[PDB]
Every structure is written in C-alpha cells, then in structure tokens.
Amino acid sequence: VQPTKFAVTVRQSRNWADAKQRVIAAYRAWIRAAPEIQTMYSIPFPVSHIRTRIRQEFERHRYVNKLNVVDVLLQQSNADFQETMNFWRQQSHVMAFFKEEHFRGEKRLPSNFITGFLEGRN
Amino acid sequence: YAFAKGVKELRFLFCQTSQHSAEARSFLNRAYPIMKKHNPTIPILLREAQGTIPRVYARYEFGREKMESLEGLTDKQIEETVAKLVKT
Amino acid sequence: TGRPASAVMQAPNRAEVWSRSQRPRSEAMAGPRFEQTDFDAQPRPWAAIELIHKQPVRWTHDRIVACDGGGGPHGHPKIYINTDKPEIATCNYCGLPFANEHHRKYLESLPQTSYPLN
Amino acid sequence: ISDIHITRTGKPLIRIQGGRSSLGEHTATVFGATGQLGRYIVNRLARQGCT
Amino acid sequence: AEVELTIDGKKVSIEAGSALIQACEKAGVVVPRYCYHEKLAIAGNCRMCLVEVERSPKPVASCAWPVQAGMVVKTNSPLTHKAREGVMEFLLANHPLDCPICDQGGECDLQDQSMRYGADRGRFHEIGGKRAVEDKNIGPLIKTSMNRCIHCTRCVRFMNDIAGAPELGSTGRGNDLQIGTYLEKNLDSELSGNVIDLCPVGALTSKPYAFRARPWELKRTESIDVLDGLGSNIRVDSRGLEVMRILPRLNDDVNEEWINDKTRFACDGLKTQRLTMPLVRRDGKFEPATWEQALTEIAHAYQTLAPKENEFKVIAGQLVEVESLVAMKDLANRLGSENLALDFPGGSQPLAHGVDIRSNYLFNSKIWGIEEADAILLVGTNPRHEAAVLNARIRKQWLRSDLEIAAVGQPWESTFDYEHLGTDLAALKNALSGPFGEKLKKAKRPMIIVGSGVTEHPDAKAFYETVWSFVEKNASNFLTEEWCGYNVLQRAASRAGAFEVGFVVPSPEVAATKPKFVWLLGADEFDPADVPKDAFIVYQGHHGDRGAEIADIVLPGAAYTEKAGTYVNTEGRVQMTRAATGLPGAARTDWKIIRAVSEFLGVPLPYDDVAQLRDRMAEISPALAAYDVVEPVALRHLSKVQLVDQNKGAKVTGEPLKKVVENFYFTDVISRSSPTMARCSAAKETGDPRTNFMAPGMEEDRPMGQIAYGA
Amino acid sequence: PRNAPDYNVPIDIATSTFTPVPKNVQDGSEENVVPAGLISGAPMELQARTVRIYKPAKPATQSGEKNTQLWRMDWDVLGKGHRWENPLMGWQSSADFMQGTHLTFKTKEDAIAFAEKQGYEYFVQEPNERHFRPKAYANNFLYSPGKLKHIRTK
Ligand SMILES: NC(=O)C1=CN([C@@H]2O[C@H](COP(=O)(O)OP(=O)(O)OC[C@H]3O[C@@H](n4cnc5c(N)ncnc54)[C@H](OP(=O)(O)O)[C@@H]3O)[C@@H](O)[C@H]2O)C=CC1
Ligand SMILES: *P(=O)(O)OCC(C)(C)[C@H](O)C(=O)NCCC(=O)NCCSC(=O)CCCCCCCCCCCCC
Ligand code: SF4
Ligand code: SF4
Ligand code: FES
Ligand SMILES: [Zn+2]
C-alpha cells in the first residue's frame with residue numbers, strides 16, 4: 001500500500017494452502033466492505049443483496065483446480081477492490097455489476113425454447 | 001417369421017471394416033434378406049460409418065424407439081437380441 | 001409532402017427515376033421527418049442523364065477517337081473509343097457521343113436517337 | 001414481446017428487439033411530453049428503437 | 001515415373017511427362033501466368049512464364065516445357081527479371097485505362113502481376129494512340145468490354161473443350177485479332193458463365209453483377225450449391241444482408257472449378273418473392289399473423305380434425321436440408337404418421353429402389369469414378385440438363401480416351417457423341433443383351449448411370465430389376481473390390497438426404513390413405529393428385545410460389561444462404577452449407593419451426609439445440625456425422641433384395657421414358673423468381689444476342705434506356 | 001446433459017437479446033486446457049457461438065494463392081442481429097460484435113488449441129486440394145486414326 005491506499009504487491013501463490021488462505025481473505029474483505037460500498041455508491045439494494053451478489057462472483061470460480069488460474073483471479077479481485085474502496089469507480093460502473101438494472105432486466109436470455117422462438121431468440 | 005405388428009423400422013448401425021462389426025456384418029449378410037422377404041412393408045435400414053460401435057434401433061408406433069448394443073456379441077447372440085426387439 | 005412539385009418530381013429536369021434501385025422522392029420524402037418542412041429548400045440537383053443526352057455528336061473520320069473528358073489533366077483517364085458499329089459510341093467515363101462519318105446516312109434515317117446527332 | 005405486430009388497422013410491423021440502433025417500428029405521437037410523465041413514455045419508446 | 005530436378009536450388013519430385021510449371025508449383029515456386037490454366041489445354045501465347053533453363057540459349061515457356069531428368073531452372077535470375085518486365089510492358093501498351101470502370105478491379109491478375117513483376121511506370125505515349133475494338137453481343141449473361149482482351153485464349157479453350165460449345169473463336173490477325181463469334185450469336189451453354197471467372201481481365205463480365213460491388217467489400221462464405229443434386233462447392237460473396245454473387249470453389253471430387261449457370265445467377269431470385277411473415281388464409285385472402293397465433297391455428301385445426309394413423313402427411317421439397325427432415329420425421333412419428341412423401345411425381349408411393357442399402361440409390365462409382373470410366377450407359381437422363389458439371393466431366397474423359405456412351409431414353413443435344421438404343425424398357429432389355437452390352441461386359445470399369453427420372457417412371461420397378469440383374473450377372477467387372485458400375489443420379493439436393501434418414505413412404509397401405517392435413521415442407525413441385533383439395537395445407541418455405549398459393553397457413557423459413565444445413569449429394573458425400581447472411585423479416589430456421597409446432601400440438605421433440613438434433617441424425621445414419629467425405633457401402637451385394645427380389649413381378653406398360661427438365665432455367669422456386677433466368681429463357685427462345693435484352697442500356701429501339709432488369 | 005442448452009447460465013453486462021443460449025461455460029476445471037475464456041473478461045456469448053476453422057479457398061477470379069496459405073478462424077453469422085437496415089440513412093446496422101474479427105493461424109492444431117483455450121465451439125473444414133495430372137502441350141496435336149470428335153482451336 002506504499003503507492004496507493006489499497007495496493008498489494010503482485011504475489012504468486014506458493015501452494016494450495018496459501019492460495020485458499022488468500023481467497024478467504026479476499027472474500028472476507030469484500031463482504032466486510034459491503035456497507036461501505038452501499039453508502040458511497042448509493043446502491044438502492046440491501047447490504048444483504050450486495051453480499052449475496054458478492055458471493056456469486058466467488059461462487060463462479062469455486063471449481064478452479066489450477067494454481068496459475070487462481071492468482072490471476074485473485075489479482076483481478078484485489079484490483080477491483082482497490083478501485084471500489086477508493087472512490088474511483090463511478091456509481092454507473094458499480095451498480096452496473098448488478099445485472100438487473102438493465103431496462104430488459106435480469107431476464108435477458110430466453111427461458112426455454114418456445115418463449116425465445118416467439119420473441120425471435122429473445 | 002415376421003416382426004410383431006407394431007414395429008415400424010429397424011436400424012442397424014455398424015462399421016464397414018472394423019473388427020467390432022464383423023459379427024454384425026456376418027449377421028446381416030445371412031439375416032437381412034430373409035428378414036426382408038418375410039415382411040417387405042417395413043424399412044430395415046443398414047447405415048454404417050468408420051468406427052461405428054454396432055447398435056440396433058427398433059421403432060414402434062408413436063415414435064418409441066429402443067436401442068440395444070451389439071459389441072462383444074457373437075453371430076448367434078445377435079439373432080435373439082433382435083428377436084427380443086421384434087417379437088411380442 | 002405531396003403538395004409541392006419539388007417533393008414529387010425526382011429532379012427539376014426529370015420526373016422519373018433513372019435506375020432500378022433509386023428511391024423515388026415521393027417515397028423518400030414521406031413520413032414524419034418531412035412535416036413542418038420547406039421542400040423548395042431541399043437539395044434537388046438537375047439530373048445528369050437528361051443533360052448528357054442533350055449533347056451533339058462529335059462526327060469523326062477515324063475508327064478510333066480519343067476522349068480525356070475535355071480538360072487536359074482536368075478530365076478522366078484518356079481512353080480510346082471505336083466507332084465502327086453503325087451506332088453512336090459513347091465515352092465510358094463521361095458519356096459524350098462519338099459517331100463515324102460513314103454512319104451519318106444511317107443515323108440520320110433513324111426515327112429516335114440517343115443523342116441530338118446535330 | 002413478439003417480433004410481429006399487426007396494428008389495429010391491419011398493417012404488419014417486423015421489429016428487431018434491441019436498444020438504440022434497433023427497429024421498434026412503432027411510430028408514436030406523445031402530446032404533453034415535456035411534463036414530468038411524458039419523459040418516461042418518450043424515453044421508453046425511443047431507447048428501444050421507435051420513432 | 002518420377003523425374004527429379006532442381007528449381008532455384010531445391011529438388012522437386014514430379015512425375016515424368018508433366019510441364020515445368022507443374023513442378024514449379026510442387027516446389028513452392030510462384031511463376032507468373034495468364035494463359036496457363038490448370039484445367040485448360042496448354043497454350044504458350046502470354047509469354048509471362050518465361051524462365052531460364054540451363055543448356056538453353058533462350059528463355060523457355062515453363063507452362064509448355066516438359067520436365068526432364070536433370071534440368072536446372074532459375075526463376076529469379078536477371079534473365080527472368082527482364083523477361084517479365086518486357087512482357088508486362090507489352091501487355092499494358094494497348095490496355096485500356098479502364099480500371100475505375102472495370103469490374104475486374106481489385107481482383108485482377110493483370111493488376112497484381114503488374115505490381116509484382118512489371119515496372120512501376122509505363123513508356124507508351126504514342127500520339128497515334130492505342131488499339132480500340134468494338135464490343136460484341138454474345139448473349140444476355142456476359143457483358144463484353146473487349147478493349148481489355150489480352151488474348152490469353154482461356155475462354156475459347158474452355159468453351160471449345162469443356163463446354164463443347166464451339167461458337168467462340170478468334171477472328172483476325174495480329175494486333176487486330178479479336179475474340180467473339182464472327183456473326184453475333186447467343187452463347188448457348190449451361191456452363192457459359194465460367195468464362196467470366198476464367199477471364200484474367202474484365203473483358204468478359206456478368207451483366208447481372210454489372211457495377212454493383214467491389215471485391216474488397218464482400219464477405220466470403222464457403223458453402224454448397226443446392227440447386228442441383230451434385231452438391232457443388234461455391235463461394236457466396238455478400239455485402240451486408242444482400243448476396244452479391246456466387247462463385248465456384250475447387251473440389252476435384254465434385255465440381256472441379258466449374259459451376260453451371262443456374263447455380264451462379266439464380267441468387268438474384270433470393271431477394272424478390274420472399275416469405276417474411278406468417279400468413280393465414282381468412283375468407284379466401286392471406287392475412288398477416290404473428291407466430292404465436294399462426295402456430296395456434298395450426299394446432300386448433302389439427303385438434304378439430306383429430307387425424308387417425310397416417311392421416312397427417314408431409315411432402316418434402318427439393319431444397320430441404322437433412323436437419324428439418326429428421327425433425328419433421330420425428331414430429332410425424334409422434335403423430336402416428338409414416339406418410340413421408342417427396343416432391344416429385346411417384347414420390348407419395350414407395351420407390352423402386354429401396355432405402356435399405358445405401359448403395360441402392362447412390363452414385364456408387366463416385367463422381368471421380370468417371371475419370372476412369374471405359375463404357376457408360378445412360379438410362380433416362382439428359383445429363384446436360386440434370387447435372388451440368390457432371391456432364392462436362394463425362395466429355396473430358398470422352399475427349400481423351402476410348403470411352404463409349406450409349407443412352408436409353410429421350411434423345412438430347414449432347415456435348416459428346418453417344419449411341420441411342422431406344423426410349424422404353426424393351427429398348428433397355430434389347431440393349432443390355434445387344435451389341436452395347438458386351439461393351440459393358442468387356443470394358444473394365446463399366447458404368448451404368450440411372451437417372452432419378454426413371455424412379456418416377458411407372459415402370460421403374462421393372463427398370464431397376466432389369467439394371468441390377470445385369471449388374472449381378474456381370475460382377476467381377478461391375479462389382480469388384482474397388483468399383484461399382486451401378487449409379488443412380490439425383491437432380492435435387494434433397495433426395496439422397498431423405499433416402500439416408502428413411503424419409504419415404506414405407507408401404508402401399510399408407511399410400512392409399514387420404515390425408516386430412518398436409519404439411520408442404522418446402523414442397524412446390526407436388527403433383528395435384530398428391531394433395532387432396534379439402535385437406536388442411538401448411539406451407540413452410542421461403543418463396544411464394546405454388547405451395548403458398550394453396551396453403552391455409554404459410555410459415556416463412558430460411559433459404560439455404562442463411563442456414564447451416566446438412567445436405568447429401570448424389571454420391572453420398574455429406575456436406576454443410578454456411579450461412580452467409582441472417583434471416584429476413586420474421587422468418588425462422590426451418591428445423592425450429594417444426595420443433596415449436598411440437599409444443600403447440602403437445603408432443604415436443606426432445607432436442608432444442610441444433611447440436612442435439614445432429615446427435616439424433618447420428619443415430620439414424622452415422623455417415624451423416626462424417627463431413628466432406630463419402631462413407632463406402634459395405635454390404636453392396638445386399639442390394640439385390642430390394643432391386644431384384646422385391647422387384648420380381650412388375651406390371652410393364654411400355655410407356656416411353658420421359659424428359660424431366662422442360663426448362664433448365666426454371667426448375668425450382670429460387671430459379672423461377674430470378675429475373676436473370678427470366679432473361680436466359682427469353683433470350684434462348686427468341687435467340688437474342690443483345691446484352692441489354694431485358695436490361696438497362698441504350699439500344700437502337702431504346703435511345704432513351706430502360707430501368708427494368710428482367711423485363 | 002448431452003448438448004442441453006444451459007438456460008440458467010448467469011448473464012453478464014454484455015449479454016443481449018441476440019446472445020444465444022450456451023451449452024457449456026468453462027468451469028475452470030477441465031483437464032489439460034487453460035480456462036482462458038474464464039479469465040479473459042470476454043462475455044459469455046463467446047462460449048455459445050460456433051467458430052469455423054478453415055483454409056480459405058483460392059478465388060475463382062484469379063490465380064494467386066497467397067491467401068490460401070494460412071488458417072482463418074471466423075465467427076458464424078446468427079439468424080438475427082447480423083445486419084439490419086438503418087431506417088434513417090439506409091446503412092446496415094449490426095449487433096454482432098464479432099462480425100469484423102478474424103484470426104490467422106499457421107497450423108490447424110494451433111487454431112484448435114486456441115479455440116479450446118477460449119471455450120469456442122468450433123467446426124474444422126478440411127482443405128480441398130487438387131489432383132495432380134501431368135499436362136503436356138504435345139497432346140494438343142496428338143494424331144487421331146479415326147473420327148476427330150474434336151476440332152482443337154488453340
Ligand atoms: N402527476 C400527477 O400527480 C397526476 C397527473 N395526472 C395527469 O396526467 C397528465 C400528465 O401528468 P404530468 O406529467 O404530471 O403533467 P405536467 O403538468 O407535468 O405536464 C402536462 C403537459 O401538458 C402540456 N400542456 C398543459 N396545458 C397545455 C395547453 N393548454 N396546451 C398545450 N399543452 C399543454 C404541458 O406542456 P407545457 O409544459 O408547455 O405546459 C406538459 O407537457 C396530465 O393530464 C395530468 O393532469 C393525473 C393524475 C395525477
Ligand atoms: P470452501 O473450502 O468450500 O471454498 C474455498 C475456495 C473457494 C477457496 C475453494 O476451496 C477453492 O479452492 N476454489 C478454487 C479457488 C478459487 O476460488 N479461485 C478464485 C478466487 S478469486 C475470486 O473468486 C474473485 C471473485 C471476484 C471478486 C470480486 C467480487 C465482488 C465484485 C463486485 C462487488 C459488487 C459491486 C462493487
Ligand atoms: S482488367 Fe484489370 S488491369 Fe484491366 S482495366 Fe480491369 S482492373 Fe484494370
Ligand atoms: S476475352 Fe478474356 S479469356 Fe477470352 S481471350 Fe480475351 S482476355 Fe482471354
Ligand atoms: S503461362 Fe506459359 S505462356 Fe502464359
Ligand atoms: Zn470522356
């Protein structure tokens with residue numbers, strides 16, 4: 001954090017015990033920060049919705065069994081954390097991570113075959 | 001001996017020169033012409049391709065279809081298996 | 001639309017389209033955007049096709065004639081036109097008419113001709 | 001939601017359902033559009049490709 | 001055998017008796033050429049292939065120089081360099097400065113090889129000027145700007161040798177030598193549009209594709225021709241949502257750098273009478289409808305009828321892909337119907353050949369088998385009209401070998417000599433046991449081609465057992481390890497695929513049942529007797545033609561240019577089309593229309609991604625999984641049981657074999673909608689050589705012009 | 001479940017009404033392949049659409065073969081969203097973000113390796129090659145003992 005408030009020197013996981021330790025510390029910081037993210041970015045959602053949505057973004061990469069893949073996925077998180085905790089991301093970038101503030105909404109793929117057929121592939 | 005009424009189409013899938021299909025190839029070279037003489041109103045399609053694990057498909061009314069494999073089976077064992085598919 | 005003549009006639013000189021994929025001005029200038037609009041202010045250039053066919057023929061005694069567009073280096077790439085058919089030959093780049101003097105008798109006998117011919 | 005709209009008079013519309021550059025193919029006239037409600041009806045048609 | 005030689009140092013291994021330019025290609029060496037074409041006879045006129053050969057005082061023309069056991073070739077020596085600049089200076093001295101107005105611009109070999117082997121500037125400034133020549137009227141399809149002719153002779157060689165149409169020539173002498181018929185004539189050849197692609201320059205261009213596009217702006221898709229049964233490989237060049245032109249791509253197994261005129265010009269018929277929205281017939285007038293309430297009125301009508309077993313009938317047209325056959329086959333089966341008819345007459349009854357052995361209905365000695373054919377009997381087929389590119393391959397073998405052709409059927413205007421044996425079945429029995437039979441019996445690699453036009457002949461059962469019984473009597477010549485002299489020739493791109501998935505009527509019983517409901521699946525050539533008048537007609541297709549005229553519902557599908565359909569060609573090769581554009585209007589993918597009407601009739605077909613529907617096709621026929629290859633038939637001898645055993649007692653009537661193609665230009669709905677084929681027919685009929693026959697351009701009787709194209 | 005489209009994939013910001021429904025999204029667990037599509041930042045739609053790996057055919061219009069020498073990977077056109085007509089100027093509008101993007105590869109296996117690394121669906125088209133045949137200028141003037149059946153005209 002020498003050059004910037006939430007800077008972390010790029011580090012390469014030594015092994016799976018180390019790599020899982022870092023993931024849990026990353027998740028902990030994010031869900032800790034959710035009240036602070038909800039006031040600054042004036043997110044019109046419960047802190048619970050923010051936390052459950054933060055969980056989904058870690059739940060996507062729960063089955064990665066490559067150690068070189070985890071470090072890039074950790075660096076992406078740390079950088080996202082830094083630009084959100086410093087007021088660098090605009091409210092527009094942050095509340096665009098929630099995929100229900102599209103005027104089409106969360107429902108943007110067709111539900112099944114027939115409903116996407118009657119609408120021309122959605 | 002014909003197939004039981006209610007069978008619509010037989011489909012043998014096998015390989016032209018694979019060893020896995022020689023037993024099936026032996027069966028059809030001795031079975032199919034008699035199988036077609038008895039009941040000519042049914043299609044009996046022989047469709048092959050390189051590396052086709054031998055299979056048979058029996059279709060009935062309303063498009064219900066059964067598949068029994070043929071790998072490992074000898075020339076004799078096939079006849080009962082198709083008979084199970086075509087007798088009721 | 002419709003009421004003014006400029007909104008209806010494809011060019012000031014010509015009333016009809018001159019290619020199969022040209023949109024008529026009647027259909028191009030229909031719709032909401034052309035309401036509360038001056039159609040006499042709209043860009044309406046004179047059609048080139050009518051002007052080119054008002055051009056008199058260059059009579060020539062030669063089989064091959066050279067056309068550069070008529071302005072030296074201010075014309076088109078210099079090309080060569082063969083005038084051996086009993087018709088009027090036209091420059092591919094500019095459209096000007098050329099005709100051999102041998103076909104003047106035949107050309108003067110036709111009822112309708114693609115160029116003034118005099 | 002459908003890609004085809006037969007208007008009450010009978011002409012058919014073949015819409016492509018996307019965003020700004022799309023083809024909503026509905027033509028609308030909103031009288032009273034400069035108040036507080038009209039900006040919501042106008043924006044909803046326009047942002048989906050309608051005149 | 002193999003000679004060995006060095007070209008620019010590197011050893012190449014080329015067969016003895018081939019030309020040097022062929023070994024330069026094999027050695028990875030680019031040699032500039034204009035006159036030489038791989039598929040045309042050698043001509044040494046251009047002089048652009050002049051290379052330096054050790055022990056030769058002059059530069060040699062590499063295209064005409066046979067390879068010898070020890071020669072040395074320098075292709076980059078200073079001899080070669082000044083040779084190529086000197087020729088490029090001569091080829092450009094009289095060339096018209098017409099690159100902005102030329103259609104060959106951006107794809108011209110004269111331009112590219114001027115940039116690569118010529119000088120950067122020109123030294124021709126004569127006050128006397130350049131050569132100029134008058135234009136020539138050689139039919140509607142080809143526009144001529146002959147000033148551009150570089151005298152390669154590629155088109156005279158193509159028209160005289162491949163097309164068998166010797167009307168193009170070269171009259172005159174010296175600089176005043178000219179290409180064209182001396183007396184204006186309409187080039188009458190269903191292959192004549194190949195001259196436009198062969199032209200190194202734009203002196204031969206296409207009147208339809210007159211000035212519409214530049215080559216750089218075209219998206220190129222490698223797809224398949226479906227306008228004939230041969231499955232010709234093509235390139236579809238499109239600018240956005242409009243197909244601009246269709247070109248030929250190489251496939252030596254099928255079409256060999258050549259396409260016919262129908263497959264090249266019918267693409268203007270893809271933007272003229274398209275079905276773009278669902279239609280319902282209300283009070284005798286077709287009203288527009290949505291999909292949700294056109295598929296509903298399909299279901300409501302079906303529930304009202306409550307059809308019994310086999311009362312729901314399907315007729316599959318001739319441009320239908322295999323994916324929608326398998327899908328419509330399933331939905332038909334879940335409705336208790338095996339009534340799976342085909343467009344042609346006799347297609348609603350079982351076929352004389354079966355579909356049990358693949359070899360029953362295929363061109364078994366593959367298209368490439370003609371290259372070694374020794375004797376050929378054509379039965380019920382005018383191959384010049386039914387399979388144009390195939391017809392050319394027959395003539396190529398005929399012109400270079402002792403090939404004997406005999407035909408039983410209707411006499412036609414042939415590009416090769418052939419013996420005519422008769423027109424009816426007796427004239428086949430009398431031939432097959434007559435003088436020409438011993439030609440088949442004696443000549444190795446014999447070939448009997450049976451036209452798909454006999455399948456619709458009433459005597460096909462007798463015709464097919466007549467042929468195969470001769471084949472079975474004459475094996476070890478007809479039925480060797482790698483050869484099969486039995487060949488059935490499709491003319492529609494859908495027939496071999498339907499036969500492969502078993503999309504046929506199984507029994508005479510299902511054939512006699514009157515349907516209450518007919519799904520015309522792209523079917524437009526159905527005989528009126530095969531659709532009962534009072535039935536409920538659904539038409540699914542892409543062009544408004546006869547089928548949509550009688551429909552009660554019209555459902556717009558996709559043309560072959562905006563779907564990736566599977567097609568099987570007459571030889572059994574399974575090829576895939578690539579979509580070049582998207583669907584127009586509210587049209588839908590054809591297999592998806594079937595899958596959706598499965599929800600509305602309550603029997604949803606399981607698959608709902610096209611990947612799943614290709615897994616199902618694999619269960620019906622695994623060859624359908626193999627792409628761009630023919631799968632050989634193993635039990636080729638089992639074919640006797642359908643052809644001879646189930647065809648034993650045949651009620652011969654003696655009616656002669658009938659022509660199938662009244663108009664080569666008007667065969668399908670895409671063709672019939674095409675303005676260009678309209679002009680091709682009218683010019684054929686009235687014998688008009690004028691390029692602007694029903695087209696833009698000034699005439700004697702049109703001083704003013706005309707904007708109509710096609711009328 | 002055997003080519004079943006996962007209708008419940010979680011969409012992202014760039015998912016649209018033209019995005020097809022994918023069957024398989026790189027979980028990050030598959031053996032021997034990097035899950036590059038998982039860490040690329042690309043949308044999910046790249047994992048739904050099929051790409052074609054092929055060697056471009058030589059133009060029929062000309063004899064240069066420079067463009068046939070390298071394998072091209074391009075995206076297949078979809079039934080909707082590829083091109084529509086602009087109501088105002090008549091221009092052609094698109095929703096296909098991959099329409100103008102193509103990749104070049106030296107070998108077929110180099111393209112397959114990239115496709116699997118990114119999670120693309122791919123169809124490989126095997127090149128069509130010529131059949132060699134010795135061509136001889138001398139044949140143009142071969143002697144016919146019998147009927148000519150051809151009048152060669154240079
Ligand atoms: N908002 C509410 O609480 C409720 C409103 N409504 C009705 O809903 C409608 C829209 O509501 P809202 O957006 O709040 O209305 P606003 O008062 O905010 O806007 C009304 C619109 O009407 C136009 N307008 C008013 N008088 C005239 C006139 N004489 N000639 C031409 N144009 C005129 C105004 O244009 P300009 O600005 O130039 O005057 C404006 O665009 C109105 O009819 C309103 O009474 C109904 C129930 C409740
Ligand atoms: P438990 O032992 O069951 O699980 C522990 C873990 C998850 C470590 C597994 O055991 C495991 O090994 N899984 C694979 C390793 C792994 O999870 N890799 C990825 C870790 S980094 C990561 O997932 C980053 C996700 C995104 C980070 C940002 C999230 C919030 C962004 C948006 C916030 C709202 C808007 C501002
Ligand atoms: S043929 Fe080629 S070089 Fe000649 S004018 Fe046309 S583009 Fe230019
Ligand atoms: S017209 Fe074209 S193909 Fe024919 S000789 Fe002239 S340049 Fe060659
Ligand atoms: S290429 Fe040999 S002379 Fe033209
Ligand atoms: Zn000029």
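So that the names make sense, note that chain A is the first sequence line, chain B the second, and so on, each numbered from 1. Note that ligands are numbered from 1 as they come in the structure, with each ligand's atoms numbered from 1 the same way. Side chains are part of it too, since the values below use all heavy atoms of this structure and drop only hydrogens, waters and symmetry mates.
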Identify, for atom 1 (N) of ligand 1, the protein heavy atom at the shortest distance, and state residue, atom and that distance. D/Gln36 NE2, 3.2 Å
Can you name the atoms of ligand 5, numbered from 1 with element, that are less than 4.0 Å from a heavy atom of E/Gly44? 3 (S)
Do protein heavy atoms approach atom 13 (O) of ligand 1 to less than 4.0 Å? yes
Report, rounded to 10°, the angle at the Zn ion (ligand 6) between the two atoms SG (C/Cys94) and SG (C/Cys91). 110°
Shortest non-hydrogen contact from E/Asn255 to E/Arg249? ND2-O, 3.4 Å
Give me the residue, atom name and distance of the protein heavy atom closest to atom 22 (O) of ligand 1. D/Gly32 CA, 4.0 Å
Subset of ligand 5 atoms that lie under 4.0 Å from at least one heavy atom of E/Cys46: 1 (S), 3 (S), 4 (Fe)
Within a distance of under 4.0 Å, is there any protein heavy atom near atom 26 (N) of ligand 1? no
Give me the nearest non-hydrogen protein atom to atom 9 (C) of ligand 1 as residue plus atom name, then the distance to 0.1 Å. D/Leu37 CD2, 4.8 Å
For the atoms NE2 of C/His76 and SG of C/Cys67, give the angle they form at the Zn ion (ligand 6), rounded to 10 degrees. 110°
Polar contacts were defined as any N/O atom of the residue lying under 3.5 Å from an N/O atom of the ligand; does this apply to D/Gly35 and ligand 1? yes
E/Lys11 side chain vs E/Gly9 backbone, donor-acceptor pair below 3.5 Å: yes
Under-4.0 Å salt bridge between E/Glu371 and E/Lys396: yes
Taking atom 35 (O) of ligand 1 as the reference point, the nearest protein heavy atom with its distance: D/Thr34 OG1, 3.5 Å
Element-labelled atoms of ligand 5 that are located less than 4.0 Å from some non-hydrogen atom of E/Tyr36: 1 (S), 4 (Fe)
Write down the atom of E/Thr80, the atom of E/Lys74, and the distance for their closest heavy-atom approach. OG1-O, 3.3 Å
Side-chain heavy-atom pair E/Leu110, E/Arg148 within 4.5 angstrom cut-off: no
Exam field: side chain C/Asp68 to backbone C/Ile79, donor-acceptor pair closer than 3.5 Å: no
Can you label the angle between the C/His76 ring and the C/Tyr93 ring as parallel, tilted or perpendicular, going by 30° and 60°? parallel
If we count only non-hydrogen protein atoms and require a distance under 4.0 Å, does atom 19 (O) of ligand 1 qualify as touching the protein? yes
Distance under 4.0 Å to a non-hydrogen atom of E/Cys35: what atoms of ligand 5 satisfy this? 1 (S), 3 (S), 4 (Fe)
Note: SG(E/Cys63)-atom 2 (Fe) of ligand 5-SG(E/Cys49) angle, rounded to 10 degrees, equals 110°
Sidechain N-carboxylate O distance under 4.0 Å for E/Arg690, E/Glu700: no
Taking only heavy atoms of D/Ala33 into account, list the atoms of ligand 1 that are under 4.0 Å away from them. 41 (O)
Below 4.0 angstrom, counting only protein heavy atoms, does anything approach atom 41 (O) of ligand 1? yes
Atom 31 (C) of ligand 1 protein-contacted, heavy-atom criterion under 4.0 angstrom: no
So SG of E/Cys155 and CD1 of E/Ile196: to nearest 0.5 Å the spacing works out to 11.0 Å
Closest contact, heavy atoms only, E/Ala23 versus E/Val12: O-CG2, 3.6 Å
Donor-acceptor pair, side chain of E/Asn45 and main chain of E/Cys152, under 3.5 angstrom: yes
